[PDB]
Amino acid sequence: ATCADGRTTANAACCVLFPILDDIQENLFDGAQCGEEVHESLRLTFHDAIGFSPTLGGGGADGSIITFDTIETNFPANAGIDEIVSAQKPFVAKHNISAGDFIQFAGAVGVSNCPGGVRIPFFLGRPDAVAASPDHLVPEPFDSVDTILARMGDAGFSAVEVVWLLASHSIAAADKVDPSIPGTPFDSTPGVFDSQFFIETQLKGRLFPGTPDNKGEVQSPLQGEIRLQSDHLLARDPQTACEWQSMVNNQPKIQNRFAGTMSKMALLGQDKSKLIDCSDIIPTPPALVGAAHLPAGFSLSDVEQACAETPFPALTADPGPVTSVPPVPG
């Protein structure tokens, strides 16, 4: 099909997405960069979608976090999500797709900007949100593994799927876990969708990058990197540790499982058969940059092996002395 903007797509209903793509690439993502706004937009996909429980209710990936922001903005786990909601609102107001569609579209487009990224399937047609999410459906970094897995499981995800979705933390930072050091990433390559997150979370902690005593934080192995308590525990818990380790230096697995599981997440509360497949609108991501490695100055003895069936793979360290990770600008 040929669209009003002159471009081609398989299903002509998807043409509406091309001007939206252009607008977000320029005016939300700072020229199609894998930076702060991409990261926040990706987090928003999860906070919107995970507000779904067959028991407790919630419409899932329905745009409620924007449309009912006056309610959802007050939820504890939504700390620091108000900035990206505020940034997305004028786009939702200005274009002609639902808020639920916009959130998932912006997330998929954003991931496609990141070197090593993957094209996440995208469907068009989510109805407008009808009610705010119930509170307390977003997992917290101070929740135990069993609590996190139970909540994610309630929404429909297996333990391995939780690990796959946490590849998102490869392109990610924290502003509120330790508010003294906003923009501190979870891996040494927050601009690259890669396995460094799965490697670096497996290292023995060494230091707090900022203040001590923050809820939901534990010691990190690197200055300028922050470690969530939840990620620390998920990397080591027998339910998840072998799957976590299996992501290390397996870029195709990270990509394919992230795409598939993100598609599932983007469809929480929705019925694929009542939507239109517009996956071909998502751009081709740049190739992976870099290769899997231990940080400079580290060795296998710094890895806390936690997979009972399989040893941690032999990686090479970057050359030189131990170095710090720069924060995400913004």
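One-based numbering along the sequence shown.
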property: Stretch exceeding the other in mean C-alpha B-factor - 132-140, 214-222; result: 132-140
property: Segment of higher mean CA temperature factor, 194-202 or 174-182; result: 174-182
property: From 72, 101, 154, 237, residue of greatest CA B-factor; result: 72
property: Given 277, 40, 304, 26, the residue at which the Cα B factor reaches its maximum; result: 26
property: CA B-factor ranking of residue 209, expressed as a third of its chain; result: lowest
property: Third assignment of residue 10 from its chain's C-alpha B-factors; result: highest
property: CA B-factor placement of residue 106, once the chain's modelled residues are sorted into thirds; result: middle
property: B-factor third for the C-alpha atom of residue 84 within its chain; result: highest
property: B-factor third for the C-alpha atom of residue 78 within its chain; result: highest
